[PDB]
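One structure, as structure tokens, below. Some questions next.
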Amino acid sequence: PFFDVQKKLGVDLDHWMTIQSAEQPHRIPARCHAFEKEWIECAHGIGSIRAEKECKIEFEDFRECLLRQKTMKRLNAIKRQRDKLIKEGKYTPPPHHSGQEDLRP
Amino acid sequence: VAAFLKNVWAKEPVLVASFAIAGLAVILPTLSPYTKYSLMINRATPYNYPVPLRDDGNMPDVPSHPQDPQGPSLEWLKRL
Amino acid sequence: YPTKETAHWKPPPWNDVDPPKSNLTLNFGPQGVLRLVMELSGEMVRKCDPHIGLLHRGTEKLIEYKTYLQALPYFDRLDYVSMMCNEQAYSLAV
Amino acid sequence: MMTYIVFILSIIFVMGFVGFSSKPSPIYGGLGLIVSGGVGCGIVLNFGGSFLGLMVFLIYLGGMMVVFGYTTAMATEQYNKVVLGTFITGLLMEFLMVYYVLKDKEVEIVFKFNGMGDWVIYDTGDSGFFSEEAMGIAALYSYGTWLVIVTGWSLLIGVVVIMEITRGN
Amino acid sequence: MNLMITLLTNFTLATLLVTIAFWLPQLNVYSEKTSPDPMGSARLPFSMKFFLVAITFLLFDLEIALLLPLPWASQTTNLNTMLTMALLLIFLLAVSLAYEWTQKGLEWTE
Amino acid sequence: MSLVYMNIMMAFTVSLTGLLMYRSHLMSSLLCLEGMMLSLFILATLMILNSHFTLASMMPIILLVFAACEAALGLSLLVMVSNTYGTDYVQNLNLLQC
Amino acid sequence: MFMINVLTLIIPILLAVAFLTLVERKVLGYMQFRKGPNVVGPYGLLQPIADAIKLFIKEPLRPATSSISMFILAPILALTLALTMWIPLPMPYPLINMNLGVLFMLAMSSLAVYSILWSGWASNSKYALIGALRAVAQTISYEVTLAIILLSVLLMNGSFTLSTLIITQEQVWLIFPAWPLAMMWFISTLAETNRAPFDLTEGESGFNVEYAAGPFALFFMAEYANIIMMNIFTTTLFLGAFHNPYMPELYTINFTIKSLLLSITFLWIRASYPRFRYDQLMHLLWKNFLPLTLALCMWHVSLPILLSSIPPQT
Amino acid sequence: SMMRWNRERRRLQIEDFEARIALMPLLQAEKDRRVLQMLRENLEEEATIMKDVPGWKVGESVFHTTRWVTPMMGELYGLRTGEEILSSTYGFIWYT
Amino acid sequence: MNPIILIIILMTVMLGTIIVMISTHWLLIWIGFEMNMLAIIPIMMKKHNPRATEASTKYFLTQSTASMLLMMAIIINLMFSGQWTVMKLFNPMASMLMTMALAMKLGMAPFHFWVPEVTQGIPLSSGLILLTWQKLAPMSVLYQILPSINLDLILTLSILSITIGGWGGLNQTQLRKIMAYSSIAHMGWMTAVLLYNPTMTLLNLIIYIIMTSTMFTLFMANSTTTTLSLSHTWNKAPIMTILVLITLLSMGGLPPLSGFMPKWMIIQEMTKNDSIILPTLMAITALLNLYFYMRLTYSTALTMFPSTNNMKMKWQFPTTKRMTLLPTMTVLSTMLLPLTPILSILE
Amino acid sequence: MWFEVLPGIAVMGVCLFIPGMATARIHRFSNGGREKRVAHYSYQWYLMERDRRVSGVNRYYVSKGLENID
């Protein structure tokens, strides 16, 4: 029994902390504001059963924004191959990846 | 009601001062002419960048320069 | 259905009340001088038992072997912040 | 090493819980939970949770664990193999987790876990002239009105409830 | 980082002075002491009143924890709601104090 | 996912299995329960700071306050048990077997 | 270079705690119509040195402790927390310039009761444990009015930054708008440090009577570091001095004179009053200071709003 | 006195915030060129490292969207030195 | 207890259950459970004996463990979804932890081990609150997360609750432990149909609360906590034996009574989903609950156990106890089966 | 008389004077004859790291003015 008193009375007791894309103090965006806005606007109103299969792509992009598992796995692959080629002597870093180049601004 | 006040002011003046200060703190922001200015100052404080509007062609109340006459002014805060 | 395991289980009380199955005693010792045996009930003092005799020196048995002039300076040392008053009390007695 | 420091603190954090989950006595258990609270506070502070970390000190440690140690001091009259074995067991399980995720840069206990330092997943921008965590806690009085009502009512009820059940009548 | 250096220096100075205070008179070979309390051997009597003042501290400290973001909360643009809820939290701390008062909870440690 | 989250979850499970395997004292059970609460505080805090989800920053404080109030209630229960048997041993709490 | 700054903080702390003992004995001498120490050094200036060397070669009491580890950790924690309360103190510049220096000080002074608690449980005497629990209950009681008075003052500051508290008081001392907060604050700092008329660890055996003379001297010097520190924090908080950013030593001399006068005011209060009974200072906290502190907390919430004087966040 | 002085301090806060606002477009342009510099450097070094690895697409986004994602800390400073990593990811937390 | 304090504490129990029912944020769900436990602890310690302190300690420990597992499920949902809406969970680990937490809060087997102790340790009115009002909030959270509840887990909890609540009451003579094992078996029946049709879950919950409130109201109106003191009721008040007869026959699911109404409908919703073995073994296991109900009806209504002499004094006084809604709850727990299609008001 | 207590007060006051004078002089020595940069907020740290990059010598306190542009 979800007695939806907040929609019946028109009061906002707890909807404001419910999502990251809601209204925030000083308009501070979440780090996954755009992905969650896309997943919600995809999945809105069509029901959860249709949302699990018709909005899976935006949900996967949003989960991968939140947890960065694919990004960390890709950086693991690049850094592991990089240290392997350092060990094999076949690669050398540039001067801008060693700290010898007096950064941009 | 006046004998009760002198009685509790003779017996327990800490609690009389406590309820007096608390009652002033409750009622007095609804009676002050400066409570409007607290809100006006808090909304005049620019924590964020004032993101500009795309000029469509009809916005006579939005300036094109910060030193333009139209727009919200803060002479009320400089004067007070 | 009582088994061998549940052979010691007695029934609960009818009013569901089981029986509950003290107060502090402090010996403020000599560490003038005075011993106190406090029976306290928290902050409150229930009993105060002052144990004395830590300066009983047998003064008035020693008076019994000394003359009246000789027993005068024992009175300086009884109420030993009130010396000449006790001298006066003994003098008025004699 | 210093790029892994939050992870390192978390290791001590887990070791701190094996300090008191083995339960030597409630007093050393309280001490282990205090040290655990300090190092978990350090974990919080190294993400930018300054106010939340000082709530771990002021309210969890300085407020609540003081009352735990105070109540414990009014019990357990002042004067094991199970505690020692469980402590070395939890120690070895945690350092085997450490060894696996540091030699593999991936582990999977229940979920998959990266083996790099947790610095990688931060943000590369500024918050301007505020702390975002500070303004989100300050919005408890502007946006969190219902939350303040139910929290203050629970604390008032907590005062009433403690005075009821401790009275014994 | 400077804070970690400072905490380590303070802890190291404290541990150094504690080690010096615990082991500088141990170099002396004074004597071995035998030495064979107001309570004689009685068990520590529990007092309900110390536990009540400790729990009352904990509950008012949770109310303090709610009160702590007020200097940042005054900067809001919803000042009527902020002021109402601020006065309401201080009033609920006052009502907790009044209920602790009038039901004799603040007695013999008043 | 992130490597620190592994340790905070594993700390929660360590304090769980400590709370799910008593030795004698009820106070050690309360300490395991508050270790669980502390690990929940740390994990919620690291997520909310990590995601820059601003309005949930008041969430761990709430997660503190309620649960510490809960802890206070638990301490009172221990004291009442300690006012019945002299100790807080959980094997004295066995009258309800019959 | 930063470690030089840390040592030039913490070693003069130890020297000022050493000579605060001499200043206390002298000022309490002349207020009691006698002299203080003037034989050991010229004007008694070698009395703390002689007394420290005496205490560090005094025999250990060698007691039976329930915990050896907490018996070691209670002086370590007391000294460490006594030294870490100084590092955000803006005088005119803090060692560690942190954004939440006030809240850091409030937390690290809330952690100071574990020294009393661990040292009381480490003593096998039940009477020492009872006195430790009374001292802990006193201290955590007065922490409440510390936190709420401090919050009510910092509603005029705008932040928890201690360095901003100098900027706050450029036109007036903050003792003028907050003297009831200032006087309840001063008595609450008097009751935090177990200082007379609130010294029930010397009223008829405290928590640390079971230590050796060395660790007792360490507890004593942590307590006097807390006294000097809370007077400096009170001086920064209510009696904030003038600061020229090109001449910082003007602020240093000014707050140093004010903090010395406030520490001597502690010395002068213990030379003037009888002790409270324990329930009487519980009555002073829970039934006198806390209703006034809640009323003034409501007042200092609502007063920047009704006057339009809400201070800046930054 | 606190009324007059806090009102002047609010005016000073607004003056500092307007200075920040006037400087923000220059800082935003510099930051945009900064992060695109670092991503192009990482992309070219990824191209010259990940040649032996089978099936590797250089610059392969892990998102199905073509929208610009704000770059992560490890995406920018992953190939650089740990000193720059510390001085870009813990410095403000550790600064005094 | 002060009556004003009692009213404020009972309104706080109700307010905790309401905040669980009406909120859209998981933190407010956890807050409502915390408020509910925090307020219901003094209701259990109403009489101040060591049994109520033991019962309240066991209740506190199990509900606190469940609240911490609930918050860990919430926090894992925040990991894998970044939001806080009270809806389906976005991780099977969070779903398993929340199902475990709610099975602990309901006291479903094998987390049942607190329910017969705590109900025995507390008075009959607080046992009524524990066995009726404290089900409404966790069943509401289970009602809202049923897209994510694992089928095998909730059905294992359901059949283990029905079997353990069946065999538990067969050895009992205390009425509060009988009602507690009856509670465990009925919660098994309610969650066995949760993923198939939650309207029948709400039906079984309402009919169970009516029958349980009838039985506790009869136990309070006769001041009876054991079987053997319930057996003196025919010599004191012969109407109450007929009332406990028809209500215990109704709780066993014997038609034409109202407690036949849920379980039949439950079977009616489990065979549409092609489960035949499972409602059959559930209904066969419900005969155990019926058996110890029949034991109580033999002890109370259908025979006359011998009384004592002092009962003759109690003949000279009528019951002044406020038997609130007892004829209403007696009628609504027995004669309601011809109104079985009223259940569509719960859809 | 009462001025006999003033040597101890003088010693203690010099010892209280030392830390603030020391941190002021060490901040001016370690930061180019000026105050230590106060970075409480991430914008101040952003400008400070920008200063450390535009100085060229990896020191934020080395200021660059109009002479660094044409």
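By written order: A, B, C, D, E, F, G, H, I and J. Residues from 1 in each chain.
The criterion applied here is as follows: a contact is a pair of C-beta atoms (placed from the backbone, for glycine too) under 8 Å apart; a residue touches a chain by one contact, two chains touch by 3 or more.
In UniProt terms the chains read D = NADH-ubiquinone oxidoreductase chain 6; E = NADH-ubiquinone oxidoreductase chain 3; F = NADH-ubiquinone oxidoreductase chain 4L; G = NADH-ubiquinone oxidoreductase chain 1; I = NADH-ubiquinone oxidoreductase chain 2.
Shared contact partners of subunit A and subunit F, listed by label: D, I. Placing every chain at the mean of its C-alpha atoms, the farthest one from subunit F is found to be C. Centre to centre, using the average C-alpha position, subunit A and subunit C are separated by 77 Å. Remark: subunit B and subunit I have CA centroids separated by 54 Å (rounded to whole angstrom). Inter-chain centre distance (subunit C to subunit E, centres taken as mean C-alpha positions): 37 Å. In subunit D, the residues that reach two or more other chains under the touch definition are 47-48, 51, 55, 58-59, 63-64, 66-67, 70-71, 74-75, 78, 110-112, 114-116, 120-123, 125, 127-132, 134-140, 142-144, 146-147, 151, 153-155, 158, 160-162, 165-166, 168. In subunit A, the residues touching two or more other chains are 13-14, 16-17, 20, 24-26, 28, 30-32, 66-69, 72, 75, 79, 103-105.
Across the assembly, subunit H contributes residues 7, 10, 13, 16-17, 20, 30, 70, 72, 74, 78, 90, 96 that each touch 2 or more other chains. Residues of subunit D touching subunit H in their complex: 2-3, 5, 45-48, 116, 119-125, 128-129.
Those residues of subunit E that touch subunit C in the complex are listed here as 37-40, 42, 45, 47, 49, 108-109.
Subunit H contributes residues 90, 94, 96 to its touches with subunit E in the complex. Residue ranges of subunit D in contact with subunit F, taken from their complex: 6-7, 10-11, 13-14, 17-18, 20-23, 25-26, 29-30, 33, 36-37, 40, 43-44, 47-49, 52, 55-56, 59-60, 63-65, 67-68, 71-72, 74-76, 82, 90, 94, 97, 101, 107, 109-118, 121-123, 132-137, 139-140, 143-144, 147, 151, 154-155, 158, 161-162, 165-166, 168. Contact residues on subunit F toward subunit I in their complex (touch as defined above): 1, 5, 12, 16, 19-20, 26, 29, 33, 36-37, 40, 43-44, 47, 51, 53, 56, 59, 62-63, 66-67, 69-70, 73-74, 77-78, 80-81, 84, 93-97.
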